[PDB]
>>> print(open('model_24.cif').read())   # mmCIF, N, CA, C and O atoms
data_work
loop_
_atom_site.label_atom_id
_atom_site.label_comp_id
_atom_site.auth_asym_id
_atom_site.auth_seq_id
_atom_site.Cartn_x
_atom_site.Cartn_y
_atom_site.Cartn_z
N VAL A 51 86.23 72.13 135.59
CA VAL A 51 87.28 73.11 135.85
C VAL A 51 88.61 72.37 135.85
O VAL A 51 88.85 71.53 136.72
N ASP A 52 89.54 73.00 135.09
CA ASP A 52 90.91 72.46 134.93
C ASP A 52 91.98 73.54 135.15
O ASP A 52 92.00 74.39 134.32
N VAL A 53 92.94 73.40 136.08
CA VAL A 53 93.96 74.45 136.43
C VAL A 53 95.33 74.24 135.78
O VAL A 53 96.06 73.47 136.34
N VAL A 54 95.78 75.08 134.85
CA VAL A 54 97.04 74.88 134.08
C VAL A 54 98.31 75.14 134.89
O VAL A 54 99.35 74.57 134.50
N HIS A 55 98.25 75.84 136.00
CA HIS A 55 99.39 76.37 136.77
C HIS A 55 98.88 76.94 138.06
O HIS A 55 97.76 77.41 138.08
N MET A 56 99.64 76.82 139.12
CA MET A 56 99.26 77.50 140.36
C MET A 56 100.53 77.76 141.12
O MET A 56 100.85 76.95 141.98
N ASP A 57 101.29 78.77 140.72
CA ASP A 57 102.44 79.20 141.53
C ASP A 57 101.81 80.02 142.64
O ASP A 57 100.58 79.97 142.79
N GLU A 58 102.59 80.76 143.39
CA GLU A 58 101.97 81.69 144.35
C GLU A 58 101.83 82.98 143.57
O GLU A 58 102.77 83.31 142.85
N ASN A 59 100.67 83.62 143.63
CA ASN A 59 100.42 84.84 142.83
C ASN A 59 100.07 84.50 141.38
O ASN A 59 100.22 85.37 140.56
N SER A 60 99.67 83.28 141.07
CA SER A 60 99.21 82.93 139.70
C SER A 60 98.24 81.76 139.73
O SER A 60 98.36 80.97 140.65
N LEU A 61 97.32 81.67 138.76
CA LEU A 61 96.39 80.55 138.61
C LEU A 61 96.05 80.63 137.13
O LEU A 61 96.15 81.71 136.63
N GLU A 62 95.76 79.52 136.46
CA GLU A 62 95.39 79.45 135.05
C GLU A 62 94.39 78.32 134.79
O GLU A 62 94.53 77.54 133.85
N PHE A 63 93.36 78.22 135.62
CA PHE A 63 92.36 77.18 135.41
C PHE A 63 91.63 77.42 134.08
O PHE A 63 91.80 78.44 133.42
N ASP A 64 90.81 76.44 133.68
CA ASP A 64 90.16 76.44 132.37
C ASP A 64 88.71 76.91 132.42
O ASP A 64 88.33 77.81 131.66
N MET A 65 87.88 76.33 133.28
CA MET A 65 86.46 76.71 133.37
C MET A 65 85.73 76.41 132.06
O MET A 65 85.22 77.29 131.37
N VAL A 66 85.68 75.11 131.74
CA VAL A 66 85.07 74.64 130.50
C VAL A 66 83.56 74.51 130.68
O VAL A 66 83.09 73.92 131.65
N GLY A 67 82.81 75.06 129.73
CA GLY A 67 81.38 74.84 129.67
C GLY A 67 80.51 75.85 130.39
O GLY A 67 79.50 75.49 131.00
N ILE A 68 80.88 77.13 130.33
CA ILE A 68 80.09 78.20 130.93
C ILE A 68 79.93 79.32 129.91
O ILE A 68 80.73 79.45 128.98
N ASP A 69 78.89 80.12 130.09
CA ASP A 69 78.59 81.18 129.15
C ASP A 69 79.53 82.37 129.36
O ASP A 69 80.28 82.44 130.33
N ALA A 70 79.47 83.32 128.42
CA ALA A 70 80.32 84.50 128.51
C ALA A 70 79.82 85.47 129.58
O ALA A 70 80.62 86.23 130.14
N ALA A 71 78.53 85.43 129.90
CA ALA A 71 77.99 86.34 130.90
C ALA A 71 78.47 85.96 132.30
O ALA A 71 78.86 86.83 133.09
N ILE A 72 78.49 84.67 132.61
CA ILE A 72 78.95 84.23 133.93
C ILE A 72 80.46 84.38 134.05
O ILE A 72 80.96 84.81 135.10
N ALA A 73 81.20 84.02 133.01
CA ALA A 73 82.64 84.24 133.04
C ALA A 73 82.97 85.72 133.23
O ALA A 73 83.85 86.07 134.01
N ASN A 74 82.25 86.59 132.52
CA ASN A 74 82.50 88.02 132.67
C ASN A 74 82.11 88.50 134.06
O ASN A 74 82.75 89.40 134.61
N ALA A 75 81.05 87.93 134.64
CA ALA A 75 80.70 88.27 136.01
C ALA A 75 81.83 87.90 136.97
O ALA A 75 82.17 88.69 137.86
N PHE A 76 82.41 86.72 136.80
CA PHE A 76 83.53 86.32 137.66
C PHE A 76 84.72 87.25 137.48
O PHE A 76 85.35 87.66 138.46
N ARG A 77 85.03 87.60 136.23
CA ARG A 77 86.17 88.48 135.97
C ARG A 77 85.96 89.86 136.59
O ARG A 77 86.87 90.42 137.20
N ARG A 78 84.76 90.41 136.44
CA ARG A 78 84.49 91.74 136.99
C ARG A 78 84.41 91.71 138.51
O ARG A 78 84.77 92.68 139.18
N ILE A 79 84.10 90.57 139.11
CA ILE A 79 84.10 90.49 140.60
C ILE A 79 85.52 90.58 141.11
O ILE A 79 85.75 91.33 142.04
N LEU A 80 86.45 89.86 140.53
CA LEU A 80 87.83 89.85 141.03
C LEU A 80 88.43 91.25 140.91
O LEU A 80 88.97 91.74 141.90
N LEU A 81 88.26 91.92 139.77
CA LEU A 81 88.82 93.27 139.56
C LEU A 81 88.17 94.29 140.49
O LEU A 81 88.91 95.04 141.08
N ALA A 82 86.86 94.27 140.65
CA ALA A 82 86.21 95.36 141.40
C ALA A 82 85.33 95.02 142.59
O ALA A 82 84.69 95.94 143.04
N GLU A 83 85.19 93.79 143.05
CA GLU A 83 84.27 93.59 144.20
C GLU A 83 84.82 92.71 145.32
O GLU A 83 84.15 92.65 146.34
N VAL A 84 85.97 92.06 145.16
CA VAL A 84 86.55 91.25 146.28
C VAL A 84 87.26 92.22 147.20
O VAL A 84 88.12 92.94 146.70
N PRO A 85 86.94 92.30 148.51
CA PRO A 85 87.50 93.32 149.40
C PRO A 85 88.97 93.22 149.79
O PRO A 85 89.41 92.12 149.93
N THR A 86 89.69 94.34 149.94
CA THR A 86 91.10 94.35 150.43
C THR A 86 91.32 95.48 151.42
O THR A 86 90.45 96.31 151.50
N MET A 87 92.42 95.47 152.17
CA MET A 87 92.77 96.51 153.17
C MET A 87 93.86 97.43 152.60
O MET A 87 94.80 96.91 152.01
N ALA A 88 93.71 98.74 152.74
CA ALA A 88 94.68 99.68 152.16
C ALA A 88 94.66 101.02 152.87
O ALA A 88 93.62 101.34 153.39
N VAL A 89 95.74 101.81 152.83
CA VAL A 89 95.85 103.04 153.61
C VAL A 89 94.87 104.07 153.06
O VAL A 89 94.87 104.38 151.86
N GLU A 90 94.04 104.61 153.94
CA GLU A 90 93.06 105.62 153.57
C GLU A 90 93.39 107.00 154.12
O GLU A 90 93.22 108.00 153.42
N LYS A 91 93.86 107.09 155.36
CA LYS A 91 94.22 108.34 155.99
C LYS A 91 95.70 108.33 156.36
O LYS A 91 96.26 107.29 156.72
N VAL A 92 96.32 109.50 156.29
CA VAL A 92 97.73 109.68 156.62
C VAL A 92 97.85 110.90 157.51
O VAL A 92 97.73 112.04 157.03
N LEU A 93 98.35 110.68 158.72
CA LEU A 93 98.61 111.82 159.63
C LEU A 93 100.11 112.13 159.58
O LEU A 93 100.86 111.29 160.01
N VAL A 94 100.50 113.32 159.10
CA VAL A 94 101.93 113.69 158.91
C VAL A 94 102.35 114.67 159.99
O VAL A 94 101.91 115.81 159.93
N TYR A 95 103.13 114.23 160.97
CA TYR A 95 103.65 115.09 162.05
C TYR A 95 104.76 115.99 161.54
O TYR A 95 104.72 117.17 161.82
N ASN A 96 105.72 115.47 160.78
CA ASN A 96 106.73 116.34 160.14
C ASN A 96 107.06 115.77 158.79
O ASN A 96 107.01 114.57 158.63
N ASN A 97 107.38 116.65 157.84
CA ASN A 97 107.83 116.00 156.61
C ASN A 97 108.74 116.99 155.89
O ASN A 97 108.27 117.88 155.19
N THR A 98 110.06 116.82 156.07
CA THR A 98 111.04 117.67 155.41
C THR A 98 111.65 116.99 154.19
O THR A 98 112.80 117.26 153.84
N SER A 99 110.89 116.13 153.52
CA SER A 99 111.37 115.42 152.35
C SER A 99 111.12 116.24 151.09
O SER A 99 110.41 117.25 151.09
N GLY B 103 161.10 175.30 81.24
CA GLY B 103 161.57 174.42 82.30
C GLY B 103 160.44 173.82 83.11
O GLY B 103 160.68 173.15 84.12
N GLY B 104 159.24 174.10 82.72
CA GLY B 104 158.09 173.52 83.40
C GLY B 104 157.68 172.18 82.83
O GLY B 104 158.45 171.53 82.12
N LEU B 105 156.60 171.59 83.43
CA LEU B 105 156.01 170.33 82.99
C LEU B 105 154.94 170.57 81.93
O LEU B 105 154.22 171.57 81.99
N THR B 106 155.00 169.79 80.85
CA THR B 106 154.04 169.95 79.72
C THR B 106 153.30 168.63 79.49
O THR B 106 153.85 167.58 79.86
N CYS B 107 152.10 168.68 78.91
CA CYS B 107 151.39 167.41 78.59
C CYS B 107 152.13 166.65 77.48
O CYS B 107 152.53 167.30 76.49
N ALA B 108 152.30 165.33 77.64
CA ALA B 108 153.11 164.55 76.66
C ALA B 108 152.16 163.73 75.79
O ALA B 108 150.95 164.02 75.83
N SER B 109 152.67 162.73 75.05
CA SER B 109 151.73 162.06 74.15
C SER B 109 150.78 161.15 74.92
O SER B 109 151.12 160.66 76.00
N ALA B 110 149.61 161.06 74.45
CA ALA B 110 148.60 160.19 75.06
C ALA B 110 149.08 158.75 75.12
O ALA B 110 149.78 158.28 74.21
N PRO B 111 148.82 158.12 76.22
CA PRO B 111 149.19 156.70 76.27
C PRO B 111 148.52 155.88 75.17
O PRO B 111 147.41 156.19 74.74
N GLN B 112 149.20 154.86 74.66
CA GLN B 112 148.72 154.02 73.57
C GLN B 112 147.98 152.80 74.11
O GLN B 112 147.24 152.15 73.37
N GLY B 113 148.17 152.51 75.40
CA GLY B 113 147.51 151.36 76.00
C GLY B 113 147.49 151.42 77.52
O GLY B 113 148.07 152.32 78.12
N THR B 114 146.65 150.58 78.09
CA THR B 114 146.55 150.46 79.54
C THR B 114 146.72 149.00 79.97
O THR B 114 146.29 148.09 79.26
N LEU B 115 147.47 148.80 81.03
CA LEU B 115 147.59 147.50 81.67
C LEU B 115 146.99 147.52 83.07
O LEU B 115 147.27 148.44 83.86
N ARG B 116 146.07 146.61 83.36
CA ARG B 116 145.50 146.50 84.72
C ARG B 116 145.93 145.14 85.26
O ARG B 116 145.63 144.14 84.59
N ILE B 117 146.63 145.12 86.37
CA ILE B 117 147.15 143.94 87.04
C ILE B 117 146.26 143.59 88.23
O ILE B 117 146.00 144.43 89.10
N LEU B 118 146.02 142.29 88.40
CA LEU B 118 145.30 141.80 89.60
C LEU B 118 145.98 140.45 89.88
O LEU B 118 146.60 139.95 88.95
N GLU B 119 145.91 139.92 91.10
CA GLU B 119 146.52 138.61 91.45
C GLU B 119 145.43 137.56 91.60
O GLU B 119 144.55 137.76 92.45
N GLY B 120 145.46 136.49 90.81
CA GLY B 120 144.38 135.49 90.87
C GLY B 120 144.84 134.04 90.93
O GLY B 120 145.73 133.68 90.15
N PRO B 121 144.29 133.19 91.84
CA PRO B 121 144.61 131.76 91.88
C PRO B 121 143.62 130.97 91.00
O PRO B 121 142.70 131.61 90.53
N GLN B 122 143.78 129.65 90.84
CA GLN B 122 142.97 128.83 89.88
C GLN B 122 142.01 127.83 90.53
O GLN B 122 142.11 127.65 91.76
N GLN B 123 141.13 127.19 89.75
CA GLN B 123 140.15 126.20 90.17
C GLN B 123 140.74 124.79 90.23
O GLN B 123 141.53 124.41 89.37
N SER B 124 140.38 124.00 91.26
CA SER B 124 140.77 122.58 91.28
C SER B 124 139.76 121.67 90.58
O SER B 124 138.79 122.14 89.99
N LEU B 125 140.00 120.36 90.65
CA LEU B 125 139.11 119.39 90.00
C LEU B 125 137.78 119.35 90.74
O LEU B 125 137.75 119.56 91.97
N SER B 126 136.65 119.10 90.06
CA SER B 126 135.38 118.87 90.77
C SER B 126 135.27 117.47 91.36
O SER B 126 135.12 116.49 90.62
N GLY B 127 135.33 117.36 92.68
CA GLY B 127 135.16 116.08 93.36
C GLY B 127 133.80 115.98 94.06
O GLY B 127 133.22 114.89 94.12
N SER B 128 133.30 117.09 94.59
CA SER B 128 131.96 117.17 95.16
C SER B 128 131.75 116.13 96.26
O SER B 128 130.99 115.18 96.05
N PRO B 129 132.56 116.18 97.36
CA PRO B 129 132.52 115.19 98.44
C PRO B 129 131.45 115.74 99.39
O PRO B 129 131.78 116.48 100.30
N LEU B 130 130.21 115.33 99.17
CA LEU B 130 129.05 115.88 99.89
C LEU B 130 129.03 115.67 101.41
O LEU B 130 128.77 116.66 102.10
N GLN B 131 129.29 114.47 101.92
CA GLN B 131 129.10 114.27 103.39
C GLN B 131 130.10 113.28 104.00
O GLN B 131 130.53 112.36 103.27
N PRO B 132 130.54 113.43 105.28
CA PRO B 132 131.40 112.42 105.94
C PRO B 132 130.66 111.08 105.87
O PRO B 132 131.04 110.25 105.07
N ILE B 133 129.67 110.88 106.74
CA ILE B 133 128.81 109.67 106.61
C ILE B 133 127.60 110.19 105.82
O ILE B 133 126.76 110.89 106.41
N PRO B 134 127.50 109.93 104.50
CA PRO B 134 126.45 110.54 103.66
C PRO B 134 125.04 109.95 103.58
O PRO B 134 124.87 108.84 104.04
N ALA B 135 124.09 110.75 103.07
CA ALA B 135 122.69 110.29 102.86
C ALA B 135 121.95 110.25 104.20
O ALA B 135 122.57 110.62 105.22
N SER B 136 120.67 109.86 104.20
CA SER B 136 119.97 109.68 105.50
C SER B 136 120.00 108.17 105.77
O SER B 136 119.15 107.46 105.18
N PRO B 137 120.91 107.63 106.61
CA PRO B 137 121.01 106.18 106.78
C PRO B 137 119.71 105.66 107.39
O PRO B 137 119.23 106.23 108.35
N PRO B 138 119.14 104.57 106.84
CA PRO B 138 117.85 104.07 107.31
C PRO B 138 117.76 103.41 108.69
O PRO B 138 118.69 102.74 109.10
N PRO B 139 116.64 103.61 109.43
CA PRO B 139 116.43 102.93 110.71
C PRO B 139 116.23 101.44 110.38
O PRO B 139 115.67 101.17 109.33
N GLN B 140 116.63 100.53 111.27
CA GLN B 140 116.56 99.10 110.85
C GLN B 140 116.36 98.07 111.97
O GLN B 140 116.41 98.45 113.15
N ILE B 141 116.17 96.80 111.58
CA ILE B 141 115.84 95.69 112.53
C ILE B 141 117.00 95.27 113.45
O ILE B 141 118.12 95.10 112.92
N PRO B 142 116.82 95.08 114.79
CA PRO B 142 117.89 94.54 115.63
C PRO B 142 117.90 93.04 115.31
O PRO B 142 116.84 92.45 115.24
N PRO B 143 119.08 92.41 115.11
CA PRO B 143 119.11 91.00 114.69
C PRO B 143 118.48 90.00 115.67
O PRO B 143 118.72 90.11 116.86
N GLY B 144 117.69 89.05 115.15
CA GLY B 144 117.03 88.02 115.98
C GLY B 144 115.87 88.57 116.79
O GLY B 144 114.74 88.09 116.54
N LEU B 145 116.12 89.51 117.71
CA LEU B 145 115.06 90.16 118.54
C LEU B 145 114.37 89.17 119.48
O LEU B 145 114.56 89.32 120.70
N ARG B 146 113.57 88.24 118.93
CA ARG B 146 112.83 87.20 119.71
C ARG B 146 111.54 87.81 120.27
O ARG B 146 111.53 89.03 120.55
N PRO B 147 110.46 87.03 120.46
CA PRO B 147 109.26 87.55 121.13
C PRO B 147 109.58 87.82 122.60
O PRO B 147 110.27 87.02 123.21
N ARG B 148 109.08 88.94 123.15
CA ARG B 148 109.29 89.25 124.59
C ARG B 148 107.93 89.19 125.29
O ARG B 148 107.70 90.02 126.19
N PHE B 149 107.09 88.22 124.90
CA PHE B 149 105.72 88.10 125.47
C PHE B 149 105.11 86.76 125.06
O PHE B 149 105.35 86.31 123.92
N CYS B 150 104.35 86.14 125.96
CA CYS B 150 103.68 84.86 125.64
C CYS B 150 102.23 84.87 126.14
O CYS B 150 101.93 85.67 127.04
N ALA B 151 101.39 84.02 125.57
CA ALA B 151 99.98 83.91 126.01
C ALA B 151 99.90 83.14 127.33
O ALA B 151 100.91 82.52 127.72
N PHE B 152 98.73 83.19 127.96
CA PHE B 152 98.55 82.42 129.22
C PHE B 152 97.89 81.06 128.93
O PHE B 152 96.86 81.03 128.23
N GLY B 153 98.47 79.99 129.46
CA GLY B 153 97.93 78.63 129.26
C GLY B 153 98.86 77.77 128.43
O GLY B 153 98.89 77.96 127.20
#
>>> encode(input="model_24.cif", output="C-alpha cells")
Amino acid sequence: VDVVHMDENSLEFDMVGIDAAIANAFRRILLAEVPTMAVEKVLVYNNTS
Amino acid sequence: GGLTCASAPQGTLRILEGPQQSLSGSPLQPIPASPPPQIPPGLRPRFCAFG
C-alpha cells in the first residue's frame, strides 16, 4: 500500500496487488456500510418560514 | 336658349399622381445571416485525474 496524498478530507493510496473483487468490496463498504450520525426526527414547535 | 348635345369628345385624358422606383440595394439584415456558435479562446481543462 502506497498513499499519494493525505490532506484532511482526502486520501489517494495505491493498494497494489489485490483483485477487483476485494477492491470493489472496500469501495462499496465506504459508500454504504461505514456508520455515521445524522438527523432522523424533527420536532417543529413553530415554523413561520 | 336651352342646352343641346355637342360634338362627341375626340379623346380622354386620365390623370393620376405617381412616384418612381429607386436602385435595388437589397440590404437584408443589420447583423446578417445566422452567426455561428463558437469556441471560447484557450478554455483550459477544468478537471484532473486522481493520483
>>> atom_distance(input="model_24.cif", atom1="atom C of residue 149 of chain B", atom2="atom CA of residue 62 of chain A")
15.7 Å
>>> select_by_dssp(input="model_24.cif", residues="chain A", states="alpha helix (DSSP H)", output="PyMOL selection string")
chain A and resi 70-82
>>> interface_residues(input="model_24.cif", of="chain B", to="chain A", cutoff="12 Å", atoms="only C-alpha atoms", output="PyMOL selection string")
chain B and resi 151-153
>>> atom_distance(input="model_24.cif", atom1="atom N of residue 65 of chain A", atom2="atom O of residue 81 of chain A")
20.3 Å
>>> atom_distance(input="model_24.cif", atom1="atom C of residue 58 of chain A", atom2="atom C of residue 88 of chain A")
21.5 Å
>>> closest_residue(input="model_24.cif", among="A:97, A:52, A:86, A:91", to="residue 67 of chain A", atoms="only C-alpha atoms")
A:52
>>> axis_aligned_box(input="model_24.cif", around="segment 138-152 of chain B", padding_each_side="5 Å", output="AutoDock Vina command-line options")
--center_x 108.0 --center_y 92.8 --center_z 118.0 --size_x 32.3 --size_y 33.5 --size_z 32.4
>>> decode(input="model_24.cif", residues="segment 124-141 of chain B", atoms="N, CA and C atoms", output="mmCIF file, in the first residue's frame")
data_model
loop_
_atom_site.group_PDB
_atom_site.id
_atom_site.type_symbol
_atom_site.label_atom_id
_atom_site.label_comp_id
_atom_site.auth_asym_id
_atom_site.auth_seq_id
_atom_site.Cartn_x
_atom_site.Cartn_y
_atom_site.Cartn_z
ATOM 1 N N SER B 124 -36.490 53.355 -56.728
ATOM 2 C CA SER B 124 -35.050 53.581 -56.520
ATOM 3 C C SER B 124 -34.187 52.408 -56.968
ATOM 4 N N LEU B 125 -32.885 52.498 -56.721
ATOM 5 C CA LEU B 125 -31.952 51.436 -57.121
ATOM 6 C C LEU B 125 -32.196 50.198 -56.266
ATOM 7 N N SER B 126 -31.993 48.981 -56.798
ATOM 8 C CA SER B 126 -32.041 47.785 -55.944
ATOM 9 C C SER B 126 -30.768 47.574 -55.135
ATOM 10 N N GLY B 127 -30.847 47.765 -53.817
ATOM 11 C CA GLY B 127 -29.712 47.523 -52.934
ATOM 12 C C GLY B 127 -29.890 46.255 -52.108
ATOM 13 N N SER B 128 -31.124 45.944 -51.719
ATOM 14 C CA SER B 128 -31.460 44.697 -51.045
ATOM 15 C C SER B 128 -30.630 44.482 -49.785
ATOM 16 N N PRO B 129 -30.732 45.411 -48.781
ATOM 17 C CA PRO B 129 -29.920 45.375 -47.561
ATOM 18 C C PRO B 129 -30.737 44.493 -46.616
ATOM 19 N N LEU B 130 -30.462 43.198 -46.657
ATOM 20 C CA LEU B 130 -31.262 42.191 -45.924
ATOM 21 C C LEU B 130 -31.280 42.313 -44.399
ATOM 22 N N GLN B 131 -30.139 42.490 -43.729
ATOM 23 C CA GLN B 131 -30.189 42.440 -42.237
ATOM 24 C C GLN B 131 -29.176 43.380 -41.573
ATOM 25 N N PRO B 132 -29.448 43.976 -40.373
ATOM 26 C CA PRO B 132 -28.441 44.780 -39.647
ATOM 27 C C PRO B 132 -27.215 43.887 -39.436
ATOM 28 N N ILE B 133 -27.273 42.984 -38.453
ATOM 29 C CA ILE B 133 -26.179 41.977 -38.317
ATOM 30 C C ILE B 133 -26.730 40.758 -39.062
ATOM 31 N N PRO B 134 -26.298 40.481 -40.311
ATOM 32 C CA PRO B 134 -26.907 39.430 -41.140
ATOM 33 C C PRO B 134 -26.506 37.958 -41.000
ATOM 34 N N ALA B 135 -27.336 37.051 -41.534
ATOM 35 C CA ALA B 135 -27.041 35.595 -41.542
ATOM 36 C C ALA B 135 -27.294 35.009 -40.149
ATOM 37 N N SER B 136 -27.080 33.704 -39.970
ATOM 38 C CA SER B 136 -27.176 33.132 -38.602
ATOM 39 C C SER B 136 -25.735 33.014 -38.103
ATOM 40 N N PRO B 137 -25.211 33.950 -37.276
ATOM 41 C CA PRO B 137 -23.802 33.901 -36.885
ATOM 42 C C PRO B 137 -23.547 32.623 -36.082
ATOM 43 N N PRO B 138 -22.474 31.873 -36.397
ATOM 44 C CA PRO B 138 -22.220 30.592 -35.739
ATOM 45 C C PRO B 138 -21.788 30.584 -34.268
ATOM 46 N N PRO B 139 -22.232 29.585 -33.477
ATOM 47 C CA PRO B 139 -21.780 29.434 -32.087
ATOM 48 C C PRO B 139 -20.304 29.029 -32.157
ATOM 49 N N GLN B 140 -19.480 29.423 -31.178
ATOM 50 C CA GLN B 140 -18.027 29.138 -31.356
ATOM 51 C C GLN B 140 -17.204 28.951 -30.078
ATOM 52 N N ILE B 141 -15.932 28.573 -30.240
ATOM 53 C CA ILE B 141 -15.026 28.226 -29.100
ATOM 54 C C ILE B 141 -14.595 29.426 -28.234
#
